[PDB]
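Read through the structure below, which is laid out as structure tokens, and then see the notes.
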There are 2 protein chains.
Amino acid sequence: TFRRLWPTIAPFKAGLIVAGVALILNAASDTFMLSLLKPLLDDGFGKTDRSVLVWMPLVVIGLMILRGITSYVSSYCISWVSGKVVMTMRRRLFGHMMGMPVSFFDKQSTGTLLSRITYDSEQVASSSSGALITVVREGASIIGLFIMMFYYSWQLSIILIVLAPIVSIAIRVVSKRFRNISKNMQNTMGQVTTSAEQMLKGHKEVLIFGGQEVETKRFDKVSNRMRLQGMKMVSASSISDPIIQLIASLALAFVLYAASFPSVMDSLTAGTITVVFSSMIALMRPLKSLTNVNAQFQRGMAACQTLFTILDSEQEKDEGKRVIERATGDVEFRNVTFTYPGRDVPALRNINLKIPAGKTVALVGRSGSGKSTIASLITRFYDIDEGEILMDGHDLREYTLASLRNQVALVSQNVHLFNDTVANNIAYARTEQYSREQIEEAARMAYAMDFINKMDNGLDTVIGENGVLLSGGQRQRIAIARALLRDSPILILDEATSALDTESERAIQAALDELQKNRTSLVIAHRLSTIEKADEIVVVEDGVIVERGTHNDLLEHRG
Amino acid sequence: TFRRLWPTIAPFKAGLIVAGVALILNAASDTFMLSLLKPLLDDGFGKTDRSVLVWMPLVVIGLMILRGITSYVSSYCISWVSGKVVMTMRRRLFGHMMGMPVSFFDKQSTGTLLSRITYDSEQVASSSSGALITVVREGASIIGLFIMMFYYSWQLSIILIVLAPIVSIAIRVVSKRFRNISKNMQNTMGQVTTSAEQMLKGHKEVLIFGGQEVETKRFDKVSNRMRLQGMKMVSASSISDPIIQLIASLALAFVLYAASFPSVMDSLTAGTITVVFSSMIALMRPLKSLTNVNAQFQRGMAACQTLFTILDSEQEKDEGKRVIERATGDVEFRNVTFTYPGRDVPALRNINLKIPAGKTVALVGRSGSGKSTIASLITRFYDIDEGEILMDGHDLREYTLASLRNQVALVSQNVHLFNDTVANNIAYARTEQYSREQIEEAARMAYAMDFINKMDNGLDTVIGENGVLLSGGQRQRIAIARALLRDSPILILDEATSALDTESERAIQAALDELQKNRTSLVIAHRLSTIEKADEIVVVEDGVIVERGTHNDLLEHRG
């Protein structure tokens with residue numbers, strides 16, 4: 001559809017104006033070097049022996065150099081525009097693809113968003129610039145060749161002028177029919193594609209009931225209608241072209257029949273008719289692509305709408321005003337009722353959970369009904385429907401988002417590490433605020449000094465590209481060292497650690513002893529020792545607090 | 001890298017030797033339709049004549065009819081070899097790909113499995129058949145046009161054949177340099193795509209930190225590098241074209257200077273010189289492709305080499321011959337030593353564990369070591385390293401794989417449903433052995449009658465993905481109904497989720513109680529009522545049996 005896109009190319013228009021003087025030159029050079037077909041035959045190899053046959057070959061050489069150099073300039077400057085738009089679109093999306101809440105990143109898409117940064121944004125300028133190369137370097141060949149016709153042989157050019165709309169709407173209708181057939185058949189191809197994934201995700205339960213022979217018997221019928229539909233796909237694709245040339249041949253027939261009548265004879269020399277009937281052979285490529293511009297200018301921008309919607313899809317709400325510096329004060333929950341987006345069950349009911357300042361609450365129960373969510377409302381990953389989450393006597397909504405998240409530090413075995421150095425992975429963000437010395441002492445206080453110094457460079461190894469690929473407990477330890485460097489006043493540990501820890505449980509426990517000597521800890525917990533050590537165990541499941549009592553009374557219910 | 005695919009393509013030779021004569025004809029028809037230029041510019045508009053102008057258009061149609069319907073035949077009858085060789089690869093793979101053990105599916109190759117059936121296989125005949133299209137058509141166009149030039153003008157055709165290798169090797173070397181550049185540029189683009197994926201995947205941690213201006217800056221830098229390497233992509237791609245046309249223009253000047261170098265030359269009429277030159281403007285299309293045949297045919301079979309490897313990978317071993325009808329006898333684990341495939345850390349220690357006849361033994365402890373693992377070896381998913389597993393006085397190596405897994409019916413929350421109808425979903429691979437009345441009895445006995453009837457078509461409805469869709473508890477119901485349909489003596493059952501139940505758990509426990517009144521059961525325990533309703537308990541965690549005693553002594557450990 002007609003669109004805007006233009007502010008994103010406006011400062012990069014000096015490369016597009018050069019694409020208005022380097023692609024017209026391309027058609028001008030493949031036309032003028034088709035205009036040399038009349039001196040070469042009429043005068044060169046006809047009337048005269050030579051002395052125009054020696055002027056011409058240098059002029060061809062020069063004419064192709066003119067094509068080639070300006071073809072390179074065209075394909076370079078159009079690509080410069082397409083690169084400083086693809087770059088400008090990827091960056092603007094990525095700046096908008098980090099302000100959106102966690103709601104959109106889960107559920108809605110997992111890997112599509114790399115398609116909408118790598119593939120879909122590549123196709124914005126790979127099929128809209130291809131629709132601007134075509135509309136000039138083959139959209140000017142039409143004008144140049146028609147000017148050739150009018151200049152050389154005007155009298156038969158009128159009939160081909162009447163002819164072009166006819167050939168044009170013929171291309172349009174056959175292309176429309178082919179597009180219709182392919183568009184109907186591709187979805188049915190996709191269904192039989194999903195059949196294989198059904199049979200291949202479930203190697204278990206296809207193998208546990210001995211259904212291999214039956215599944216092959218059915219996949220026979222699936223492959224058959226996979227291939228019989230691609231048959232009609234390729235047949236419809238390859239029946240258009242022959243029809244296209246057939247109609248174009250029907251022209252070379254009409255103009256040739258017109259060339260039989262005496263009226264036109266005596267007005268065409270040896271070179272003129274050749275320039276003409278060569279120009280026609282040439283007209284069949286540009287036209288074929290000029291009427292297909294709306295098949296690329298549309299499809300490219302039709303795909304571009306997907307990334308133009310996420311660009312305007314609303315970010316995560318930031319109406320906060322107060323920049324909390326440090327919140328060692330009490331954490332409180334007040335009638336906190338919340339539902340996950342795209343669901344219906346109220347995950348949390350009316351809940352009150354007064355955390356003491358510096359004491360750790362243990363959240364027992366693996367049913368996962370309001371368990372994992374309870375920290376998410378603190379981090380504001382998912383927002384709050386009803387209630388009030390008091391931090392230092394104000395709701396989280398009042399505080400600024402950045403300051404809020406600065407206070408809390410999510411520490412879990414499944415902490416995702418980055419492509420940087422280990423030292424800056426620890427001191428990620430505010431790299432000027434924290435020196436290397438403080439990072440090293442934090443690694444000491446985390447019992448993580450070993451895992452950093454064990455490596456070759458030690459201080460600044462690459463952690464990204466599986467330089468060490470630290471294990472789950474080790475990533476837990478690097479996350480602790482992150483927290484100790486940050487001194488995050490409120491901690492939330494998921495504590496998904498369930499694998500055996502060869503004194504990395506001792507490391508973890510001494511670590512959280514440091515983390516919870518001061519600073520709060522709303523810890524989802526599995527390790528029963530720390531749970532018993534928790535000062536106020538609060539098992540919370542089924543949307544409500546099951547109990548607010550320590551392990552002296554946790555044996556009630558599951559225990 | 002030479003063929004081999006010939007056995008799989010051989011019986012569909014009728015389409016190949018029809019496409020071969022429907023492409024040599026296609027080349028010869030163009031060739032003959034340029035040859036026709038000489039009558040039109042030597043006999044028609046040279047010496048005055050109209051008789052050679054009335055039949056001309058007619059022999060341009062019929063020649064164009066010949067191209068058109070010959071191109072259609074070639075594109076169809078070559079798609080009939082490229083259809084029955086992409087299909088014959090998919091069937092043979094998927095019939096072999098259900099043979100390889102579940103070890104290969106999990107964490108060795110999981111998401112690429114669909115690609116090597118859908119994507120890769122199509123590129124084994126979409127670019128190796130392109131060789132046959134562009135080594136017969138455009139490979140015979142060269143021969144036809146050279147024959148034309150010999151028939152018309154030997155004097156410059158000899159030097160044309162002298163230069164043809166020069167243009168050809170020039171194209172080869174320039175394309176080689178382009179390919180070499182593009183390989184490294186592709187590598188860089190992929191690496192930076194992974195860098196972006198790192199940022200996006202960790203959005204939870206990339207929010208809980210302070211502020212995303214640092215990561216926006218890094219993304220700006222690496223997007224700049226993407227664009228700066230796309231610059232080199234396009235530059236290498238667009239130096240090739242102008243270089244090829246420039247060299248060919250060197251010949252479009254060498255022969256033209258030879259046309260004036262001796263007094264012998266210039267004896268070529270307007271028709272002959274037009275036929276020759278035009279023939280040359282033409283040769284510049286087939287050559288560009290004949291020199292790049294190995295660029296596609298070796299980018300063809302090379303992918304088919306991967307498909308040949310996955311075709312020739314070792315399917316799961318079956319050597320036993322005892323076709324057990326029913327595992328009534330007790331089953332024993334005896335000092336089983338085994339580790340997960342792809343990994344070398346041992347998972348199972350020497351364990352002596354017997355299943356009593358018609359009774360159940362449960363597994364406790366969420367360490368994940370030897371509970372989901374030990375559930376697999378009874379079904380012979382991963383074979384033992386050492387330590388015989390005994391069923392009814394025999395061993396796993398002794399039994400037939402199909403008969404061995406016939407016994408074990410697996411019930412789990414993560415059970416996957418085939419996209420067939422429910423009547424064959426329950427009785428899958430057993431359609432002839434069961435009557436429909438039996439599945440209605442099985443549905444009401446399993447208490448799945450509610451889920452069956454609540455659907456619109458109900459008894460005969462569709463159930464899988466791309467169907468009516470179901471929830472996890474209903475998946476447990478369809479699985480217990482699956483098991484209840486006759487043979488399930490050695491029950492392996494998940495019971496690992498403990499999802500909330502709206503009296504569903506009463507139905508699950510009652511149905512599995514009916515199924516366990518006879519028939520043995522190994523249950524991973526999450527619901528402790530079944531632990532209480534257990535003949536024996538063997539808490540398995542930290543890689544070994546910890547206590548093979550009932551719930552009277554289980555509370556000594558975690559509980």
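By order in the structure tokens, chains are A, B, ...; within a chain, residues start at 1; ligands start at 1, following the order shown.
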* Excluding residue 215 (chain A) and residues on its chain fewer than 3 positions from it, collect all residues at most 12 Å away from it, counting only C-alpha atoms, and give them as a PyMOL selection string. => (chain A and resi 195-196+198-200+202-203+205-207+209-212+218-223) or (chain B and resi 91+94-98+418-420+428-430)
* Mind checking which residues fall within 9 Å of residue 327 (chain B), counting only C-alpha atoms, ignoring those fewer than 4 positions away in the same chain, and posting them as a list in words? =>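 Within the cut-off, the hits are residues 331, 391, 392, 404, 407, 488, 489, 490 and 519 of chain B.
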Would you put the residues from that selection into a file with N, CA and C atoms, as an mmCIF file, in the first residue's frame?
```
data_model
loop_
_atom_site.group_PDB
_atom_site.id
_atom_site.type_symbol
_atom_site.label_atom_id
_atom_site.label_comp_id
_atom_site.auth_asym_id
_atom_site.auth_seq_id
_atom_site.Cartn_x
_atom_site.Cartn_y
_atom_site.Cartn_z
ATOM 1 N N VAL B 331 10.027 -58.028 36.301
ATOM 2 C CA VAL B 331 11.095 -57.338 35.588
ATOM 3 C C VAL B 331 12.122 -56.893 36.622
ATOM 4 N N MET B 391 13.567 -59.056 31.647
ATOM 5 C CA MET B 391 12.112 -59.169 31.607
ATOM 6 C C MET B 391 11.763 -60.638 31.393
ATOM 7 N N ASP B 392 11.071 -61.232 32.368
ATOM 8 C CA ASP B 392 10.535 -62.589 32.286
ATOM 9 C C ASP B 392 11.600 -63.646 32.004
ATOM 10 N N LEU B 404 9.062 -55.499 22.328
ATOM 11 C CA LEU B 404 9.488 -54.938 23.602
ATOM 12 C C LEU B 404 8.734 -53.664 23.939
ATOM 13 N N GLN B 407 4.760 -53.571 24.903
ATOM 14 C CA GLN B 407 4.320 -53.753 26.279
ATOM 15 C C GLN B 407 4.199 -52.421 27.007
ATOM 16 N N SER B 488 -0.863 -53.087 28.218
ATOM 17 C CA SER B 488 0.022 -52.180 28.936
ATOM 18 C C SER B 488 0.500 -52.839 30.226
ATOM 19 N N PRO B 489 1.172 -53.999 30.158
ATOM 20 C CA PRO B 489 1.586 -54.674 31.396
ATOM 21 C C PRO B 489 2.622 -53.892 32.193
ATOM 22 N N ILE B 490 3.700 -53.457 31.544
ATOM 23 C CA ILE B 490 4.778 -52.721 32.200
ATOM 24 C C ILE B 490 4.490 -51.239 31.983
ATOM 25 N N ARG B 519 -1.186 -55.476 35.854
ATOM 26 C CA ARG B 519 -0.182 -54.724 35.100
ATOM 27 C C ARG B 519 0.700 -53.923 36.055
#
```
* Rank B:532, B:49, B:138, B:501 by their smallest atom-to-atom distance to residue 367 (chain A), using only C-alpha atoms, and report the top residue only. =>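 Among the listed residues, the smallest separation from residue 367 (chain A) belongs to B:501.
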* **Neighbour list for residue 340 (chain A) as a PyMOL selection string, cut-off 10 Å, only C-alpha atoms, skip fewer than 6 positions in-chain** => chain A and resi 103+346-348+373+382-385
* Near-region 224-233 of chain B list (7 Å; only C-alpha atoms; drop same-chain fewer than 3 positions) as JSON, numbers by chain -> {"A": [83, 87], "B": [182, 185, 189, 192, 220, 221, 236, 237]}
What would the file look like if the residues just selected were written as a PDB file, in the first residue's frame with N, CA and C atoms?
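Written output follows (out.pdb):
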```pdb
ATOM      1  N   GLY A  83      21.275   0.213   2.779  1.00  0.00           N
ATOM      2  CA  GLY A  83      22.021  -0.186   3.948  1.00  0.00           C
ATOM      3  C   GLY A  83      21.824   0.805   5.067  1.00  0.00           C
ATOM      4  N   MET A  87      20.001  -0.489   8.225  1.00  0.00           N
ATOM      5  CA  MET A  87      20.634  -0.178   9.503  1.00  0.00           C
ATOM      6  C   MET A  87      19.733   0.723  10.341  1.00  0.00           C
TER       7      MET A  87
ATOM      8  N   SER B 182      32.361 -13.294  -0.661  1.00  0.00           N
ATOM      9  CA  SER B 182      31.035 -13.509  -0.102  1.00  0.00           C
ATOM     10  C   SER B 182      31.037 -14.522   1.033  1.00  0.00           C
ATOM     11  N   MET B 185      32.101 -12.656   4.160  1.00  0.00           N
ATOM     12  CA  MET B 185      31.084 -11.621   4.496  1.00  0.00           C
ATOM     13  C   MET B 185      29.844 -12.307   5.081  1.00  0.00           C
ATOM     14  N   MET B 189      28.177 -11.712   8.826  1.00  0.00           N
ATOM     15  CA  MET B 189      26.764 -11.390   9.017  1.00  0.00           C
ATOM     16  C   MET B 189      26.105 -12.371   9.980  1.00  0.00           C
ATOM     17  N   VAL B 192      27.196 -11.565  13.609  1.00  0.00           N
ATOM     18  CA  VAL B 192      26.542 -10.400  14.195  1.00  0.00           C
ATOM     19  C   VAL B 192      25.063 -10.685  14.444  1.00  0.00           C
ATOM     20  N   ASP B 220      24.202  -0.458  17.977  1.00  0.00           N
ATOM     21  CA  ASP B 220      24.506   0.503  16.925  1.00  0.00           C
ATOM     22  C   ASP B 220      25.827   0.163  16.257  1.00  0.00           C
ATOM     23  N   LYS B 221      26.846  -0.147  17.060  1.00  0.00           N
ATOM     24  CA  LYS B 221      28.151  -0.483  16.498  1.00  0.00           C
ATOM     25  C   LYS B 221      28.074  -1.735  15.625  1.00  0.00           C
ATOM     26  N   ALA B 236      31.404  -6.695  -4.201  1.00  0.00           N
ATOM     27  CA  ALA B 236      31.898  -7.886  -4.875  1.00  0.00           C
ATOM     28  C   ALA B 236      30.882  -8.417  -5.875  1.00  0.00           C
ATOM     29  N   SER B 237      29.589  -8.315  -5.561  1.00  0.00           N
ATOM     30  CA  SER B 237      28.573  -8.799  -6.488  1.00  0.00           C
ATOM     31  C   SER B 237      28.468  -7.938  -7.742  1.00  0.00           C
TER      32      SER B 237
END
```
* Spatial neighbours of residue 74 (chain B), 8 Å, only C-alpha atoms, chain gap at least 4 places, as a ChimeraX atom specification -> /B:18-20,22-23,70,78
* To do: Show which residues sit within 9 Å of residue 36 (chain A), as a ChimeraX atom specification. Count only C-alpha atoms, and ignore same-chain residues fewer than 5 positions away.
  => /A:31,41,56,59-60,271,275
Selected residues, N, CA, C and O atoms, written as a short mmCIF file (atom, residue, chain, number, x, y, z; two decimals), in the first residue's frame, please.
```cif
data_model
loop_
_atom_site.label_atom_id
_atom_site.label_comp_id
_atom_site.auth_asym_id
_atom_site.auth_seq_id
_atom_site.Cartn_x
_atom_site.Cartn_y
_atom_site.Cartn_z
N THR A 31 20.41 1.71 -25.03
CA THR A 31 19.67 2.16 -26.20
C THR A 31 20.57 2.79 -27.25
O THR A 31 20.45 2.48 -28.44
N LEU A 41 25.25 -1.15 -39.95
CA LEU A 41 24.71 -1.96 -41.03
C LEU A 41 24.39 -1.14 -42.27
O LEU A 41 24.78 -1.50 -43.38
N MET A 56 32.97 3.40 -34.99
CA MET A 56 31.99 2.72 -34.15
C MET A 56 32.59 1.83 -33.06
O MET A 56 32.07 1.90 -31.93
N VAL A 59 33.44 3.55 -29.97
CA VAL A 59 32.22 4.05 -29.36
C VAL A 59 31.48 2.94 -28.62
O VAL A 59 30.93 3.18 -27.55
N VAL A 60 31.46 1.71 -29.14
CA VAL A 60 30.82 0.63 -28.33
C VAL A 60 31.66 0.49 -27.07
O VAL A 60 31.11 0.55 -25.98
N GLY A 271 19.91 -0.96 -41.91
CA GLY A 271 20.15 -0.77 -40.47
C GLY A 271 18.91 -0.35 -39.71
O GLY A 271 18.82 -0.70 -38.52
N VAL A 275 17.54 -2.05 -36.30
CA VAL A 275 17.44 -1.25 -35.04
C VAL A 275 16.03 -1.46 -34.48
O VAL A 275 15.90 -1.64 -33.25
#
```
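Between residue 333 (chain B) and the candidates B:389, B:462, B:282, B:4, the tightest atom-to-atom separation, counting only C-alpha atoms, involves B:389.
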* To do: Determine, counting only C-alpha atoms, which protein, DNA and RNA residues have an atom within 12 Å of an atom of residue 482 (chain A); residues of the same chain fewer than 4 positions away are not included. Present the result as a count of residues only.
  => 39
* To do: Quote the spacing between CA of residue 50 (chain A) and CA of residue 269 (chain A) in Å to one decimal place.
  => 17.9 Å
* To do: Measure the distance from CA of residue 400 (chain A) to CA of residue 92 (chain A) in Å and round it to one decimal.
  => 23.0 Å
